[PDB]
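Taking it in order: structure first as structure tokens, then the write-up.
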Amino acid sequence: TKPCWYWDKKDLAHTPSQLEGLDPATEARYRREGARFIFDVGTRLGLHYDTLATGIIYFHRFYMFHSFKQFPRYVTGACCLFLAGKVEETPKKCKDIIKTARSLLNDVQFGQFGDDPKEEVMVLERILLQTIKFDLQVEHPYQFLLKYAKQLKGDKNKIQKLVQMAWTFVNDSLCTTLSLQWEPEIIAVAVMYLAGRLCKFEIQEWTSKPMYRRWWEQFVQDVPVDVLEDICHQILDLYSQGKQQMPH
Amino acid sequence: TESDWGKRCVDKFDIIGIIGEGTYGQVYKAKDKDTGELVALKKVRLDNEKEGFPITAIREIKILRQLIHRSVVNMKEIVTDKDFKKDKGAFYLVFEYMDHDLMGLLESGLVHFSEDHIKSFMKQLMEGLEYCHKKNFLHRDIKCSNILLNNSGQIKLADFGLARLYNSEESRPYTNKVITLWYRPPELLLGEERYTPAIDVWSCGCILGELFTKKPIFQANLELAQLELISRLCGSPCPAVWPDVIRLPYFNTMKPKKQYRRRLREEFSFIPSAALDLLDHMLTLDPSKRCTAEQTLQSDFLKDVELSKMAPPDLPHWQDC
Amino acid sequence: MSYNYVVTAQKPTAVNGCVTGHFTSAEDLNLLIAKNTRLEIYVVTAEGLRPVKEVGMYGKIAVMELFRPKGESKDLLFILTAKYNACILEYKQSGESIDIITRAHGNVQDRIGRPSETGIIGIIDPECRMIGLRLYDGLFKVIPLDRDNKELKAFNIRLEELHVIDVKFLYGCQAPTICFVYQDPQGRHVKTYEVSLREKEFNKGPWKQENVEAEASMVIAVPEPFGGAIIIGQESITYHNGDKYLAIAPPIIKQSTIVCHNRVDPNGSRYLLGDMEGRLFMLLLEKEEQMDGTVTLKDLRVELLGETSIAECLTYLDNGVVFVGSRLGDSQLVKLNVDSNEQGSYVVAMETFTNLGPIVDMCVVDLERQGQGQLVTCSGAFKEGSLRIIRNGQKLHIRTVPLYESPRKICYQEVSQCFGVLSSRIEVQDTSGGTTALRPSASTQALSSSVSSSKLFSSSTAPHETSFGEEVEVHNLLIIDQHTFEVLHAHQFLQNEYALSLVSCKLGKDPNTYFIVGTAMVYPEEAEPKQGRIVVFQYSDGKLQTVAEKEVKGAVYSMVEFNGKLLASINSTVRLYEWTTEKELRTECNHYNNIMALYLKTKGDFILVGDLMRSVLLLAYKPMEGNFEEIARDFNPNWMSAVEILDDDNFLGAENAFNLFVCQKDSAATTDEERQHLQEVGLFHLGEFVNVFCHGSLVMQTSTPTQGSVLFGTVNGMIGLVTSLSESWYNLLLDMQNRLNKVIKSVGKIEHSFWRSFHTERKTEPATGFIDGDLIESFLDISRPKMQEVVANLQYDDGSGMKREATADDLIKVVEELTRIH
Ligand SMILES: CC[C@H](CO)Nc1nc(NCc2ccn(-c3cccc(Cl)c3)n2)c2ncn(C(C)C)c2n1
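Protein chains in written order, with this note's numbering: chain A, 1 to 248; chain B, 249 to 569; chain C, 570 to 1391.
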């Protein structure tokens, strides 16, 4: 019926990119750069946050079936965003994406688009659709962060701080392979969990079961703390590696 | 696996013929070589390269893989024609083959609908619409051509190419006129642009009357002329019956000849009372006062219909020959 | 775009209705006969009928009744067309000048309504206060006959009884009262209402409802001396009037369904009844007068008089002369005698009026080798079945060959100097367990005879119970000599086998010329037949030999020879058979994308298929590959009745709505889809039901502007010709039509453009690509002032000059040349 779009961390040692001699660090950087490219390009065009995420999810899935050495990342990113626009009903003309991509990329980077940028992108649409197995509908942590937050009752200002901090973590999780590891519902819980720890908030008090210390279980069943800690560690590692710090 | 779409080749189907012409490509009838099942293949041509894969097809792939109902058409898989840059072949959307279409059955004039036959038809259509509306999806092009019926009496909805999600909290700008004029609601004629799921209900009400008259209720060629015909039967748009009609862009612009009174019950006196009440509610000018799909199912006309009794219509046979 | 021309070679001959009255003068006795779109006015004499006037109307005559409102000297005529055009007409004669006046007119069509099953019914009040119309289920429309209603404005009264069978206005009521039979789940009933023009609604009727026979068919209104009404059914006749109820159920009427009635004695003492087997009965009202002086109805009696043609309408004239209006056979004048003849009959035929009847099939063959062409038609049904040989002579010469059974298909075989004709006759289950024929007919009077002994369907194990008295069809292949038209051989097909298709041809390398018949096993249980046969016969030395048979899993609706191969349509499938050296049929290739492949036509390697609901498809045989290829299809939905190929690009079709259309390949290679789309370029409302298209002409062969000749036969006997035009000639003639329509006065003031508009219950489109030849040919009959008015400001184009002024005399020549094609 529907395809399985989730892999184990151990499996990422065997992506096509890895087996063509690309080391783990490089593929990670290639994914962040491609994600941020999609994020930045669509933001300049004024695109909804779901449209950006959908393109990024397509991008991350794509390179589980192909190697970065054979498919330029920035062309792939532009193709993903192009398709994402049509899927999510935020369409843009391919020429406008190329225009914006040219503005944000240096000359060496834009060389990936070759002699005819629009053609290189439009051609790739065929491969992209086949690669993602025409499973176009995608759900994102955003909708669950809000659906679950709406069921929290308490200090309006403390909960809103939790949401925005978690929302920032979702945007940051788009650069990581977590989208390929865990369903969005878990991601939304994980970012709520992380923000709670950083803000020293005890979320259970805001739930309908204030004495249920594992507050998330009412939102997402069968999630061990093991998973939420693994997710938190990966998000925090991104901040530790960069110069940026936790939003707080 | 069954889920890896886009790889299997169209070689697996023996093409029987072209059932009809589709907006993103022509629709062909075919038989599966492995199972023998009859299927319908919709050609999706991206060779135009103006905007790549058509969005109309994207909408149908996205929405119909989410929707699973007996009264909704099922997309079985997507197959392809036999140097990725040079490849310009097309894709095909595989669907269940339907024996007949409602417009065809009526236009040929061969079919005769009994009350019980109409009950089963409408209940299936409304159940499918309710499923879609519950899922916050709007068809936006309900027509006789898009209602498909098997000889068994099963009805499935199709052609979701103009379908889009509806947000109650955040109404957002939409296309101004999406439905065909004969089945277009008065709100779209006046340019509501922020249309509600009630646009589909009005269309299905037009079908209800057409099944009783065997002739489309409101047939015109110009948007104003349609409002005149609708106004004569349902009454002229006026603030008393449609408080927010004054907010619509073309209310002052598009006026009927007179302020006609509602005559629906009089002109449809031949319709059974249970159905006449349903028609009155479905053909209500104000979209906020127009009944919902669930409400149509909870009507004296359709609530007690048992879908086990499919009640197939009088489909083509030798005595008609 | 495509340009075509349609002319009527023979006008409709079937009688669709007939009434008597005082229409031409308050003194004369008139007989008005209504053939499809044609009104014939006669005056009754002591020998027969004197014709006086015939007019055409731009509409199918649905209602025709005569009435005389207070203040008028003579009767007025009401007519309503099938497109809901209503009008009131008056006869006016000034010396030698006869003209028909349109006193009132209008279109009574409702925006919303369901057309009734038993068709349009029109009745008029005995006091001529209003016209009653039953157009839609659940609605009764009233046109009040006031002096000021020149537009025939009307209102509807809600009617609770949705399914009405027949309604009439009653005599002897204090208010206008309607009596009608209606059907609901509990059976059929008779009920009355009163019509109030003042309140514009129904009031309670004079007498109560009564439950009536399940198959109550007709309502006869009894005149003032008796009052009340008579209800005619299949087994019983009943009289209803308040408390009075009489019922007679004679066994004679059960045998055949009674279809028409007329009143002989103005006081209602005697009525005439006719049935499908042609028997004519006299219904007698036996009077009983009480001492009060009142006249009551004592009893009802039915007496058989004799045999006439199966009559659509009966109308008693004067003396013993009765006019028999027949739609399935020839109409008649017959004389009723008080004394029976030596055979027991009181009916003796006076005159016979030729009716080409239903033309089920036809072919053109030059029997005399005169370079002309003769039209041999399958005409009539049941007892009236006949073969009609028609040749051009200024009138058409028609020879009739009586068959006394229904003819179905005809094909000519020159090698054998004979015709092959498929026929079916009605036999009835009898006490022996078999069946007995009601009368001898062509299949039973053949010189030599044979019966199929095929064991293909001898697998039986199928229940098919028979009840005494039920009807069955028996199908035969008739071999008929081309000179004597004598039945030389009759071959009877298997029990429950219907012969649907017939061809005469050679196949493959076989030098023998065969008769090939496609059949279908029809059982009442089956919605669609699932068994069939293709049979190859050879007619040699006075005997028909069975050469080979091929079983098929369906009905062989149509067959046609295809370059030495046999092309047959079996249900959805269209198949091509090769004829082997072993004299057997071998399948080569199939095409299956059809709901029901009813009609087939071929030109070269191209095939045109006519579907029940999917309109027409252009097939092609690809010899390199040995299979079919779909070239293009008309995606617009139409219910086909007959098709024909005009040329390699234009294809002609006929619809069950009396419409004709012409499809053409889009000749645009930009996209493959455009080629696959047959675009409807011609639309025309003929007004007749086309059963057969046939290439050929009856003219004795100046090169006319028209190119090509296609003849078509219709249900009402009308024969017409379809021909093609050049763009220049079409535009000239079309522009002339628009001029003629402004000049010519139509009966009922019916717009010509509306009449010819393509019309289904669901759609109405303006005609396109067709020239009404009858309108163009009428130019020669309009007065000189009108002729010159028509030609004013007329310029020719793309010919002798770009702009060329035309004169009334020039067009007289052009139209006269056009009249020579038929
Ligand atoms: C595209 C326009 C509409 C649908 O909106 N047509 C349509 N019709 C379907 N089946 C009924 C039908 C209509 C006409 N024929 C028919 C049959 C035999 C011969 C001929 Cl000429 C025509 N059969 C059908 N099944 C699946 N799909 C889609 C979902 C791929 C279908 N789409």
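Cβ atoms here follow ideal geometry from the backbone N, Cα and C, with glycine treated the same way.
Taking a Cβ-Cβ threshold of 9 angstroms, the residues of chain A close to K255 (chain B) are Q130, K133, in chain order. Bridge pairing for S985 (chain C): absent [DSSP]. DSSP assignment within the stretch 1200-1247 of chain C yields the following whole beta strand (DSSP E) runs of 3 residues or more, N-terminal first: 1209-1214, 1219-1224, 1228-1234.
A residue is listed when its beta-carbon falls short of 6 angstroms from at least one non-hydrogen atom of ligand 1; in chain order these are B:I267, B:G268, B:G270, B:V275, B:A288, B:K290, B:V321, B:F343, B:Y345, B:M346, B:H348, B:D349, B:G352, B:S393, B:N394, B:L396, B:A406, B:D407, C:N1162, C:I1164, C:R1183, C:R1202. Between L496 (chain B) and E440 (chain B), the gap from beta carbon to beta carbon is short of 8 angstroms. Excluding five sequence positions before and after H1328 (chain C), the CB atoms of its chain that fall closer than 6 angstroms to its own CB belong to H1254, given in chain order. Here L152 (chain A) carries a coil assignment [DSSP, helix/strand/coil]. Residues of chain B with a Cβ closer than 9 angstroms to the Cβ of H1254 (chain C) do not exist; the shortest Cβ-Cβ separation is about 15 angstroms. Considering only beta carbons, the part of the stretch 290-306 of chain B lying closer than 8 angstroms to chain A consists of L294, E297, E299, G300, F301, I303, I306, in chain order. Ranked by Cα distance from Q755 (chain C), the first of C:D735, C:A783, C:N1260 is C:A783.
With a beta-carbon spacing of about 6 angstroms, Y340 (chain B) and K291 (chain B) fall inside the 8 angstroms limit used to define contacts. For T826 (chain C) and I403 (chain B), the gap between their C-alpha atoms comes out near 41 angstroms. The distance from the Cβ of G1342 (chain C) to that of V624 (chain C) is about 18 angstroms, inconsistent with a contact at the 8 angstroms cut-off. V138 (chain A) and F301 (chain B) have their C-alpha atoms roughly 18 angstroms apart. DSSP, reduced to helix, strand and coil, places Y58 (chain A) within a helical segment of the structure shown. Any Cβ of chain C closer than 8 angstroms to the Cβ of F460 (chain B) would place that residue at the interface, and such an atom is present. At least one CB atom of chain C sits nearer than 8 angstroms to the CB of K277 (chain B).
Under the DSSP definition of a beta bridge, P620 (chain C) partners with C:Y611. Here the stretch 450-463 of chain B makes no contact with the stretch 500-509 of chain B; the two share fewer than three CB pairs at distances below 8 angstroms.
Between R313 (chain B) and chain A, the shortest Cβ-Cβ separation is below 8 angstroms. Straight across, the Cα-Cα distance linking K277 (chain B) with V287 (chain B) is about 6 angstroms.
Against chain B, a Cβ distance below 8 angstroms from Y1161 (chain C) picks out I264, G265. Non-local C-beta neighbours of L477 (chain B) in its own chain, meaning closer than 6 angstroms and more than five positions away in sequence, comprise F466, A468, ordered along the chain. Taking a C-beta distance under 8 angstroms as the contact criterion, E804 (chain C) and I822 (chain C) qualify as a contact pair. Exposure of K1318 (chain C) is indicated by the presence of fewer than 16 other C-beta atoms within 10 angstroms of its C-beta. A direct Cα-Cα distance of roughly 16 angstroms separates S1017 (chain C) from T1053 (chain C). Measuring C-alpha to C-alpha distances from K1078 (chain C) to each of C:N1140, C:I800, C:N1132 identifies C:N1132 as the nearest.
The alpha-carbon separation between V621 (chain C) and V1261 (chain C) amounts to approximately 34 angstroms.
Distance check between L1187 (chain C) and each of C:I1214, C:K629, C:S1210, C:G1370 places C:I1214 closest, using alpha-carbon atoms only.
If you draw a 10 Å sphere on the C-beta of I630 (chain C), you find 16 or more other C-beta atoms in it, and that means buried. Under the criterion of beta carbons closer than 8 angstroms, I648 (chain C) and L658 (chain C) qualify as touching, at roughly 7 angstroms. The Cβ atoms of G401 (chain B) and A559 (chain B) sit closer than 8 angstroms to each other.
Assignment of beta-bridge partners to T577 (chain C) by DSSP yields C:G1289. If you ignore the 5 residues before and after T90 (chain A), its C-beta comes within less than 6 angstroms of the C-beta of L47, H48, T51, all in its own chain and listed in chain order. When DSSP states are grouped into helix, strand and coil, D262 (chain B) belongs to the strand group. Between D644 (chain C) and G590 (chain C), the CB-CB gap stays under 8 angstroms.
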